[PDB]
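> Dropping a structure here in structure tokens format, bear with me for questions.
Here the Cβ is made from the backbone with ideal geometry for all residues, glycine too, and neighbour counts use every protein chain on show. Numbers and lists here come from the model and the stated rules, or from a named source; none is laboratory data.
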Amino acid sequence: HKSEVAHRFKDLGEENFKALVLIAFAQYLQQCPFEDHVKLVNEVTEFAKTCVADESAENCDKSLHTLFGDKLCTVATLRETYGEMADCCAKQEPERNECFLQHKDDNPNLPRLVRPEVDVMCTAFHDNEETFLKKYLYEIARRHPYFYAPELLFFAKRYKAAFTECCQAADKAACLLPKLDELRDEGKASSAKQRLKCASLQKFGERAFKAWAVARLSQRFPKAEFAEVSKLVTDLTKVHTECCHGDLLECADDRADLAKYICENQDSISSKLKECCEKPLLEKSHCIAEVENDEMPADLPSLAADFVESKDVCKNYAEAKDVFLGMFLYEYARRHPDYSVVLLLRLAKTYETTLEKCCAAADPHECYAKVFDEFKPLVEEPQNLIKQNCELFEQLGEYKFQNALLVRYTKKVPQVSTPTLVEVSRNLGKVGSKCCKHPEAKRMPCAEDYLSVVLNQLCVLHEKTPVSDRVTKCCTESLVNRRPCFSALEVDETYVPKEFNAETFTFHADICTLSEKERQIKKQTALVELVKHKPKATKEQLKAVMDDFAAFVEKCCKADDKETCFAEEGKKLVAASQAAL
Ligand SMILES: CCCCCCCCCCCCCCCC(=O)O
Ligand SMILES: CCCCCCCCCCCCCCCC(=O)O
Ligand SMILES: CCCCCCCCCCCCCCCC(=O)O
């Protein structure tokens, strides 16, 4: 291991090496032009090949942090452009690297990347495929400087595949656009999870993180024994703690180490791990992190033996409370992959609460019996919600299902901005489409995955621009009570109806040309504004108003003249509607 850079180049391969180096530099120097970074990438790459030919080369023996930091400090416009960051160059390793980490800018001021015309895109992709993909990789990287590089590289390769298909199919846009949208969604969903995962570690501490980890690791690896799960959870915590810190190389090494260990003890962890461990170093950790749940042992007893009916229960628990609780959590989770992780956490927490209560009683054995009865109401809470909502999603379209939620959440929290209500409602709708297609056995984990990001996304926007105490109570409580807290929201009896505005309910003929997506958005925007103006409207009354509107649109988008119909019958619709409500 004379040369760190030489070893990295051999493991990743020139192409991946280049791509990752571009991402790294793009994540630090986020305000330097693309051609600058390209020059860097080629300089580092050529040097690396020098080191590959001969590890004893002149600078080959240096550290990757040292080499990276030196390159950063050779940027001529560094001080001018980045000010303080240029001061880091006086610090010495390893203090320097930390200094660079400190002055990494999160979400700087840049204009939103606008998706160009399909013809233009495919044409660029054909003429210069490499400078086309890398330019966009650079653009994504600079705007998401804390996103894990190998993960950003993982999406890049998927983008490249998308164009390869569609850019030579007659109806390109019909192919490409629904693929780019999927990527956009997944990319931001992945990014959200990461910030969230890291934020929770900081917010609630290592313990809660370990509890979360124990549940999911037990679910995924139900054939694994607790001692093994403990070591994995222990290491996973170590990894998340370092990765959350932000050092790419340190984070990468810890990840690689865990994947290394997991793949070598495959037989002792999971049977569905063979293909993941076969993949290259770069993809190992990724693969393991979302591997399929292993199938659990047929001969599995009930927990009641070791956790309820047994003697030595307070003694075993008091001897190591968190260990014993983790065992309960492990034992329970591996039997129920059909549960959300947070559900298992409510149960383990419930088990904990009673032991703290009953072990202090004269005879604990009775208060244990109470425990499992308490589990059932907590378990059915999320189960019922899923049944009903997926039924609702079945009867009504995804669009009409979104509108159902729309009215519901507008009446629960009317103070929220209209655009926010429309967005969260459309997204919860999408969750319905994706999860309700699963059977019950897999529905709850599915919902938890999407609601987690949607609910924390929701809480982030509220952080910046608070609008309700009840929403801030939900956003700032335990991430296990979060979703139930939102579900506990009732209709706001406080809300004063917002004053009428004819403009808000004034529609022109342009909506007849609008795309299917934003005709809906404009309609849904008005639906929120309707519910806000008269929040005490019944479902029948609201349906009536919406029906008249719907026919009103089809009557004006069907006429020889249009803009007059929208202004004349529009006047009629608004008047009649104000009267009914
Ligand atoms: C391998 C051992 C890991 C430790 C297991 C800890 C189990 C804790 C049980 C209660 C759920 C923890 C949820 C955190 C929320 C809280 O701080 O109350
Ligand atoms: C002089 C070096 C310049 C900087 C080098 C950029 C960082 C390249 C290392 C990234 C490799 C990631 C390792 C695999 C990822 C994983 O297993 O999780
Ligand atoms: C910035 C403020 C945003 C507030 C958004 C108000 C709408 C809340 C949506 C709650 C989603 C959680 C769904 C749980 C299932 C349920 O409805 O009971």
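> May I ask you to list the residues in segment 545-556 that are in contact with a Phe, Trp or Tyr (Cβ under 9 Å, 6 or more places away or on another chain) and farther than 17 Å from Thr504 by Cα?
Listed by number, the list holds a single entry, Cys556.
> Given segment 143-238, what helices (runs of 4 or more DSSP H) lie entirely inside it while holding 2 or more residues that are away from ligand 1 (no atom under 15 Å from the Cβ) and crowded, with 16+ Cβ neighbours inside 10 Å?
Result: 149-166, 172-204.
> For segment 220-238, indicate whether the set of residues that are in contact with a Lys or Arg (Cβ under 9 Å, 6 or more places away or on another chain), within 15 Å of ligand 2 (Cβ to nearest atom) and not assigned by CATH to the domain that holds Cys459 is non-empty.
Yes.
> Among the residues of segment 102-127, count how many are closer than 22 Å to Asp171 by Cα, free of Cβ contacts under 8 Å to residues at least 60 places away in the same chain and not in a helix (DSSP H, G or I).
3
> Also, quick follow-up: Can you tell me how many residues in segment 425-459 are under 11 Å from the mean Cα position of the chain (by Cα) and among the hydrophobic types (A, V, I, L, M, F, W, C)?
Counting residues in segment 425-459 that are under 11 Å from the mean Cα position of the chain (by Cα) and among the hydrophobic types (A, V, I, L, M, F, W, C) gives 4.
> Just to be sure before I move on: is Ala298 under 34 Å from the mean Cα position of the chain (by Cα) and exposed (fewer than 14 other Cβ atoms within 10 Å of the Cβ) in the structure I sent?
So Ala298 fits the description; yes.
> Does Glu242 meet the test of being surrounded by fewer than 18 Cβ atoms within 10 Å (Cβ to Cβ), away from ligand 3 (no atom under 16 Å from the Cβ) and within 25 Å of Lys18 (Cα to Cα)?
It is true that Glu242 is surrounded by fewer than 18 Cβ atoms within 10 Å (Cβ to Cβ), away from ligand 3 (no atom under 16 Å from the Cβ) and within 25 Å of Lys18 (Cα to Cα).
> Within segment 1-57, take every residue that is part of a loop (DSSP other than H, G, I, E, B) and within 33 Å of the chain's Cα centre (by Cα) and give me the one that is nearest to ligand 2 (Cβ to nearest atom).
Among those residues, the one meeting the criterion is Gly13.
> Answer yes or no as to whether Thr506 is away from ligand 3 (no atom under 16 Å from the Cβ) and in contact with a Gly (Cβ under 7 Å, 6 or more places away or on another chain).
Taking the combined requirement at face value, the residue satisfies it.
> Would you mention how many residues in segment 454-501 are surrounded by fewer than 17 Cβ atoms within 10 Å (Cβ to Cβ), basic (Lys, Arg) and within 16 Å of ligand 1 (Cβ to nearest atom)?
Adding up the residues that qualify gives 0.
> Right, another one. Are any of the residues in segment 462-475 more than 20 Å from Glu380 (Cα to Cα), aliphatic (A, V, I, L, M), in a loop (DSSP other than H, G, I, E, B) and in the same structural domain as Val553 (by CATH)?
The answer is no, given that none of the residues of segment 462-475 is more than 20 Å from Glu380 (Cα to Cα), aliphatic (A, V, I, L, M), in a loop (DSSP other than H, G, I, E, B) and in the same structural domain as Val553 (by CATH).
> Look through segment 265-293, keep the residues that are part of a loop (DSSP other than H, G, I, E, B) and small (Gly, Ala, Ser), and return whichever of them is surrounded by the fewest Cβ atoms within 10 Å (Cβ to Cβ).
Among those that are part of a loop (DSSP other than H, G, I, E, B) and small (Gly, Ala, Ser), it is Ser271.
> While we're looking at this one, here's another question. Could you give me the residue pairs with C-beta distances under 8 Å whose first residue belongs to segment 156-180 and is assigned by CATH to the domain that holds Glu139 and without any contact (Cβ under 8 Å) to a residue 60 or more places away in the chain, whose second residue is aromatic (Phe, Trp, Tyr) and surrounded by 12 or more Cβ atoms within 10 Å (Cβ to Cβ) wherever it lies, and which are 6+ apart or on separate chains?
Partner pairs satisfying both residue conditions: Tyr159/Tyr136; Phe163/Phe125; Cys167/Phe125; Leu176/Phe163.
> For the subset of segment 1-52 comprising residues that are among the hydrophobic types (A, V, I, L, M, F, W, C) and in contact with a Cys (Cβ under 6 Å, 6 or more places away or on another chain), which member is nearest to ligand 3 (Cβ to nearest atom)?
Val5
> Tell me yes or no: at least one residue of segment 393-406 is touching a residue at least 24 places away in the same chain (Cβ under 8 Å), in a loop (DSSP other than H, G, I, E, B) and either touching a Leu at 6+ places or on another chain (Cβ under 9 Å) or of a type in the set (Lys, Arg) (or both).
Looking for residues that are touching a residue at least 24 places away in the same chain (Cβ under 8 Å), in a loop (DSSP other than H, G, I, E, B) and either touching a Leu at 6+ places or on another chain (Cβ under 9 Å) or of a type in the set (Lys, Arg) (or both), one finds none in segment 393-406, hence no.
> Exactly one of these conditions fails for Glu80: (1) more than 12 Å from ligand 2 (Cβ to nearest atom); (2) over 23 Å from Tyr146 (Cα atoms); (3) in a loop (DSSP other than H, G, I, E, B). Give me its number.
The single condition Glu80 does not satisfy is (3).
> Okay, moving on. Look at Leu303 and say whether it is buried (at least 21 other Cβ atoms within 10 Å of the Cβ), of a type in the set (A, V, I, L, M) and not assigned by CATH to the domain that holds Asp267.
no
> Something else: Please pick out the residue among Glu391, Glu366 that is out of contact with any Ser or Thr (no Cβ under 6 Å at 6 or more places or on another chain) and under 18 Å from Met444 (Cβ atoms).
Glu391
> Further, regarding this structure: Using beta carbons and a limit of 7 Å, which pairs, at least six apart or on different chains, have the first residue in segment 192-215 and of a type in the set (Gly, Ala, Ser) and the second one within 16 Å of ligand 3 (Cβ to nearest atom)?
These pairs meet every condition: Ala192/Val453; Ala192/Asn456; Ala192/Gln457; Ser200/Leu479.
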